[PDB]
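A short write-up of the structure that comes next.
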Amino acid sequence: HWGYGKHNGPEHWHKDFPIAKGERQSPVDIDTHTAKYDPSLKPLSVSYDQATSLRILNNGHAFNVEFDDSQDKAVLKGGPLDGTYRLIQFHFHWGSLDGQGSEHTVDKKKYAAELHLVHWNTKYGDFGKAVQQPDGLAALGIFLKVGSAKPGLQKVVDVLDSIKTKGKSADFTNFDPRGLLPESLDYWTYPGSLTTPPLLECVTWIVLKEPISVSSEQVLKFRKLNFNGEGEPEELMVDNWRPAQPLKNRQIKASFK
Ligand SMILES: [Zn+2]
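Here is the structure:
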């Protein structure tokens with residue numbers, strides 16, 4: 004099935020998921036000189052104070068930190084969004100080396116990694133229903149560069165040893181995702197898709213301009229994870245990113261001047 008390997012990687016996905024060649028696929032390159040400031044964007048609201056993390060799972064293509072989304076706790080609203088979007092999980096994409104790993108690019112620059120906080124529109129009742137709607141999901145994307153350590157990431161990095169292989173999970177309660185945000189909430193936004201199969205075109209992307217810094221030691225530990233299951237030939241979980249897709253008939257809007 005699909006993956007990031009030599010023979011099942013992003014260039015192959017269209018065979019099982021024809022929408023891979025669709026009109027609003029993600030990620031994209033953000034051309035900073037062409038993105039236009041949009042005065043109509045309302046302020047972004049990230050309300051994570053009541054966030055309830057539950058578990059961390061290696062799903063064979065990334066690790067997801069999963070949240071309790073049975074009630075309105077951690078929510079994203081404002082910005083380009085109408086209504087309320089509930090946090091369900093976050094995960095990362097990263098490279099084999101610091102010079103690649105992000106999905107979105109900025110003037111073709113690739114960051115070492117990219118964090119995705121995934122939220123679904125409560127007007128559709130559940131995540132499964134939401135992904136079938138053009139405005140079903142809101143994904144907050146945050147770039148990672150290598151430099152100083154990110155204290156708020158360390159609890160994540162330290163549990164990775166316990167979920168090395170596909171299908172392993174671990175209890176992961178009381179994790180505060182506010183510790184992963186940069187100082188500024190300046191952002192770019194555009195209509196897009198899931199970046200993994202089924203690649204559904206249901207996502208409003210909100211990509212923050214300010215990267216967070218993580219340490220070499222921290223990202224090194226991401227790269228010790230495995231795509232494979234327990235006991236199988238070791239394939240390091242690295243370069244689990246989809247490259248930039250054609251922008252087509254879309255405009256990227258900036259929240260800032
Ligand atoms: Zn992602």
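Mapping of the sequence shown onto the deposited numbering: residues 4 to 125, 127 to 261, in sequence order.
Where is the CB? At the ideal position from N, CA and C, for every residue including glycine.
- Given a length threshold of 4 residues, each whole run of the alpha helix (DSSP H) inside the segment 128-205 is given here in chain order: 131-134, 158-163.
- DSSP lists no beta-bridge partner residue for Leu84.
- Between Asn230 and the set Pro186, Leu164, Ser50, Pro201, the nearest pair of CA atoms involves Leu164.
- Of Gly233, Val223, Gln255, the smallest CA-CA separation from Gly102 is found for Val223.
- Per DSSP, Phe70 is one residue of the beta strand (DSSP E) stretching across 66-70.
- Judged by the Cβ position, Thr199 qualifies as a neighbour of ligand 1 at the 7 Å threshold, a heavy atom of the ligand being closer than this.
- With respect to the 8 Å criterion, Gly233 and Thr177 are not classified as neighbours on the basis of their beta carbons.
- Beta-bridge partners of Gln92 (DSSP): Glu69, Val121.
- Sixteen is the threshold: when 16 or more other Cβ atoms of the shown chains lie within 10 Å of the Cβ of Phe66, as they do, the residue is buried.
- Every beta strand (DSSP E) of 3 residues or more that sits fully in the segment 27-67 is shown, in chain order, as 47-50, 56-61.
- Under the three-state reduction of DSSP output, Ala116 falls in the strand class.
- Relative to ligand 1, even the nearest heavy atom lies 7 Å or more away from the CB of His4.
- For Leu212, the enclosing beta strand (DSSP E) covers residues 207-212.
- Beta-bridge pairing by DSSP links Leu79 to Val49, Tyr88.
- Rounded to whole angstroms, the separation of the alpha carbons of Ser166 and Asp41 is 44 Å.
- Checking the 7 Å criterion, the Cβ of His119 is within range of a heavy atom belonging to ligand 1.
- Residue side-chain check: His96 places its Cβ nearer than 7 Å to a non-hydrogen atom of ligand 1.
- Counting the other Cβ atoms within 10 Å of the Cβ of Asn253 gives fewer than 16, which makes it exposed.
- Going by beta carbons, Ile210 and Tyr191 fall inside the 8 Å limit.
- When DSSP states are grouped into helix, strand and coil, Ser259 belongs to the coil group.
- In this chain, the alpha helix (DSSP H) harbouring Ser220 covers 220-226.
- Across the structure, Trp245 and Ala38 are spaced so that their CA atoms are roughly 23 Å apart.
- Under the 10 Å beta carbon count, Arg27 is surrounded by 16 or more other beta carbons and is classified as buried.
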